[PDB]
Amino acid sequence: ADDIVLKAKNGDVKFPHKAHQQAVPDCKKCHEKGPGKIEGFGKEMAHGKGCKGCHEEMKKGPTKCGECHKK
Ligand code: HEC
Ligand code: HEC
Ligand code: HEC
Ligand SMILES: C[C@H](CCC(=O)O)[C@H]1CC[C@H]2[C@@H]3CC[C@@H]4C[C@H](O)CC[C@]4(C)[C@H]3C[C@H](O)[C@]12C
């Protein structure tokens, strides 16, 4: 399957899966989550534990606006 881009108005956000599969061997951080997680994602989650928050906790991955968002 392919990577996906989240179409944030301020600039596309790429989500590269391979880097995540390699750096986050605890797959249950994202997979086998209960129902509602597809509907639930948005800016709040993304800037929280959905994206940015995990990068901060694990001490790796982009945490600056222009590192995630790029036109
Ligand atoms: C969130 C940060 C994730 C972590 C950690 C892991 N995966 Fe993942 N996976 C995630 C998304 C958003 C998607 C779909 C979008 C995409 O970029 O592919 C996936 C997809 C998979 C797939 C399908 C991949 C393919 O067919 O090319 C598999 C098999 C998969 N995920 C498994 C997997 C495993 C085993 C992980 C731990 C080592 C793992 N993922 C981490 C989100 C996230
Ligand atoms: C943990 C549960 C994570 C979640 C949820 C998300 N990311 Fe992540 N990401 C995580 C780690 C530990 C790393 C470092 C990987 C490395 O080897 O550098 C990353 C990395 C990225 C990257 C850069 C990948 C690279 O090749 O350097 C990007 C662009 C990125 N992450 C984006 C991203 C987005 C958009 C997420 C939410 C949709 C997201 N990540 C979630 C850990 C975790
Ligand atoms: C990755 C770890 C991110 C960082 C660092 C920042 N943002 Fe972000 N943002 C990210 C994603 C994956 C999304 C999309 C959420 C979704 O619905 O899929 C967003 C969203 C925004 C938005 C809203 C865009 C829209 O609703 O169309 C804005 C205005 C925004 N982001 C701005 C922004 C700024 C200023 C940041 C630095 C302070 C920043 N983001 C960090 C992922 C990530
Ligand atoms: C559920 C995990 C981990 C965050 C959490 O604990 O809530 C998060 C991390 C990244 C999230 C995905 C990012 C890309 C997609 C955004 C869409 O708008 C909704 C479906 C997807 C596929 C999201 C589904 C789910 O919301 C994920 C996999």
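Reading guide: rules and limits
- Residues numbered from 1 in each chain as written, not as in the entry; some residues may be left out.
- Chains lettered and ligands numbered in written order.
- Heavy atoms only, no water.
- Residues with missing side-chain atoms left out of burial classes, pairs and counts.
- Near = heavy atom within 4 Å.
- Polar contact = N/O pair within 3.5 Å; in protein donor to acceptor, adjacent residues only side chain to side chain.
- Helix = DSSP H or I, 4+ residues; strand = E, 2+ residues; numbered from the N terminus.
- Salt bridge = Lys/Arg side-chain N within 4 Å of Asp/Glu carboxyl O.
- Buried < 20%, exposed > 50% of the residue type's maximum accessible area, 1.4 Å probe, protein only.
- Donors = N, O, S within 2.8 Å, 3.2 Å for Na, K, Ca; no water.
- Tetrahedral: all angles 85-135°; square planar, octahedral: opposite > 155°, others 65-115°.
- UniProt positions renumbered as here; feature names shortened; annotations may be inferred.
- Contact = heavy atoms within 4.5 Å.

By the naming in the PDB entry, the chain goes by PpcA and is assigned to Geobacter sulfurreducens.

Chemist: Even after reading the chapter, I still don't get the site of ligand 3, so can you show me in this structure?
Modeler: Taken together, 19 residues sit near ligand 3, with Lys9, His47, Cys65, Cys68 and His69 positioned nearest. Between ligand 3 and the protein, one listed contact pairs a nitrogen atom with a side-chain N or O atom of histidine 47 at 2.8 Å. Interatomic distance of 2.7 Å between a side-chain N/O atom of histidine 69 and a nitrogen atom of ligand 3. At the level of secondary structure, the elements contributing two or more residues to the shell around ligand 3 comprise α3 (43–47), α4 (52–58) and α5 (65–68).

Chemist: Would you mind going over the pattern of salt bridges with me for this structure?
Modeler: For side chains of opposite charge, pairing can occur when their charged atoms come near one another. Throughout the structure, instances matching the rule amount to one salt bridge. Between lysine 7 and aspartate 12 there is a salt bridge; the shortest N-O distance is 2.7 Å. Its relative accessible area of 63% is what places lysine 7 among the exposed residues. Classification of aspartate 12 by relative accessible area gives partly exposed; the value is 23%.

Chemist: Which parts of the structure should I look at to understand the coordination of the iron atom of ligand 1?
Modeler: A four-donor tetrahedral metal ideally has 109.5 degree angles, and a six-donor octahedral metal ideally has angles of 90 or 180 degrees. Coordination sphere of the iron atom of ligand 1, protein contribution only: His17 (NE2) and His31 (NE2), at 2.0 Å. Classification of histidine 17 as partly exposed rests on a relative accessible area of 32%. Among the residues examined, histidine 31 registers a relative accessible area of 48% and is labelled partly exposed.

Chemist: How do you make sense of the coordination of the iron atom of ligand 3 when you look at a structure like this?
Modeler: Taken together, the protein ligands of the iron atom of ligand 3 are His47 (NE2) and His69 (NE2), with distances of 2.0 Å. Considering all six donor atoms around the iron atom of ligand 3, angles at the metal cover 85 to 178° and the coordination shape is octahedral. Here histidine 69 lies in the segment after α5 and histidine 47 lies in helix α3, a separation of 22 residues in the sequence. A relative accessible area of 18% places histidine 69 in the buried class.

Chemist: I would appreciate a short explanation of the UniProt feature "binding site: deoxycholate 2" (unreviewed entry) in the chain in the present structure.
Modeler: As recorded in UniProt, the sites labelled "binding site: deoxycholate 2" (unreviewed entry) are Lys37 and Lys49. Here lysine 37 is to be found in helix α2 (residues 37–40). Taking the relative accessible area as the measure of exposure, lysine 37 reaches 47% and is therefore partly exposed. Within the secondary structure, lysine 49 is located in the loop between α3 and α4. With residues near it in sequence (within four places) discarded, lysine 49 still touches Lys37 and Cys54.

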